[PDB]
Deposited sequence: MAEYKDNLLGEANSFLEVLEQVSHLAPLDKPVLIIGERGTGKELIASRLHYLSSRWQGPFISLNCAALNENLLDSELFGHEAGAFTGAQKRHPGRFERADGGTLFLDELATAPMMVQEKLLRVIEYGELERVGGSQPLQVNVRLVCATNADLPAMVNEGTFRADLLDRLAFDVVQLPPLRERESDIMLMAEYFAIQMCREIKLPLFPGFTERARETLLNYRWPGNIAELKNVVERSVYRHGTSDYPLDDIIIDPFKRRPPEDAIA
């Protein structure tokens, strides 16, 4: 993982302590900030490192399909993500989009380690270390009535705050250089020719709403359009949709 900003190195240190626990971990951060890599690192540094690492984007699924995907369904049965994560770690992204029904059932699995079943089948016990992520303000959602406080009192054992790229200014050029160099290997340029000061200013003054994912994509496109090692990269193409 790239970066040397102090906020980021403190995140890695915090992860190294949290990983060995079985407690749930909440990661707060914007899109493209590295949340799922952190979750993965929590898994591989824990004692479950040999178990499954399963991830799910909650905002991708309608209420009934999310319900089925997390908790499974019958009526001979489709196992949900908690079953597939048994002995391992489940990463739930976009937690704040989960409907209240899902949030409440999630509380029950954290509390009582089991998934109940429709039918004459008895409830299913599961053993899963949970990591969840969002950018929302969950305390504020609790005030609004759109996120459950009972859930947050079990889910938020501790909180990993991943800083946005605009607050890791010192890692911007370091990461752009790394991504530029990988893109030079991909298009077979002999050497990355460097960034002009103008390119640097463009990179450093942009607020990066998509953070590191967006940085990578902008840098790759830019290197490709530049297309040579004979002079430094001057034109950073932030927005490829801009017209004529």
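**Q** From the N-terminus onward, what segments of the deposited sequence lack any C-alpha atom in this model?
**A** Since the structure holds only modelled residues, the stretches it omits are 1-7, 83-89, 259-265.
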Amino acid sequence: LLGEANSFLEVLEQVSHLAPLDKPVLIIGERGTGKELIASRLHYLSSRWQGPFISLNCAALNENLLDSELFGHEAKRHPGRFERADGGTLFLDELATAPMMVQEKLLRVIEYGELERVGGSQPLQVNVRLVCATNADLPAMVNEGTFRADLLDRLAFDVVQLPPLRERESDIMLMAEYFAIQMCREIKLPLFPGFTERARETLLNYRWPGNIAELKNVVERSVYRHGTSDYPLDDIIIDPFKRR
From here on, numbers count along this sequence of modelled residues.
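**Q** Where do the C-alpha atoms have the higher mean temperature factor in this entry, in 209-217 or in 32-40?
**A** The deposited B-factors put 32-40 ahead on the C-alpha mean.
**Q** If you average the CA temperature factors as listed in the entry, which stretch comes out higher, 221-229 or 6-14?
**A** Stretch with the higher mean C-alpha B-factor: 6-14.
**Q** Which listed residue, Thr89, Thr134, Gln103, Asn143, has the largest C-alpha temperature factor in the record?
**A** Of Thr89, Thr134, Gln103, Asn143, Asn143 has the highest C-alpha B-factor.
**Q** Can you tell me which of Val160, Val126, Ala98, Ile172 has the maximum CA B-factor listed in the PDB entry?
**A** Of the candidates given, the C-alpha B-factor peaks at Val126.
**Q** Pull the Cα B-factor of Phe53 out of the PDB entry and bin it into the chain's lowest, middle or highest third.
**A** As the PDB entry reports it, the C-alpha B-factor of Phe53 lands in the middle third of its chain.
**Q** Which third, lowest, middle or highest, does the C-alpha temperature factor of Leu204 belong to within its own chain?
**A** For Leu204, whose C-alpha B-factor we compare with every modelled residue in the chain, the answer is the middle third.
**Q** Looking at the C-alpha B-factor of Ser68, is it in the lowest, middle or highest third of its chain?
**A** Ranked within chain, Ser68 CA B lands in the highest tercile.
**Q** If you rank the chain by CA B-factor, which third does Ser46 end up in: lowest, middle or highest?
**A** Tercile = middle for this residue's CA B-factor.
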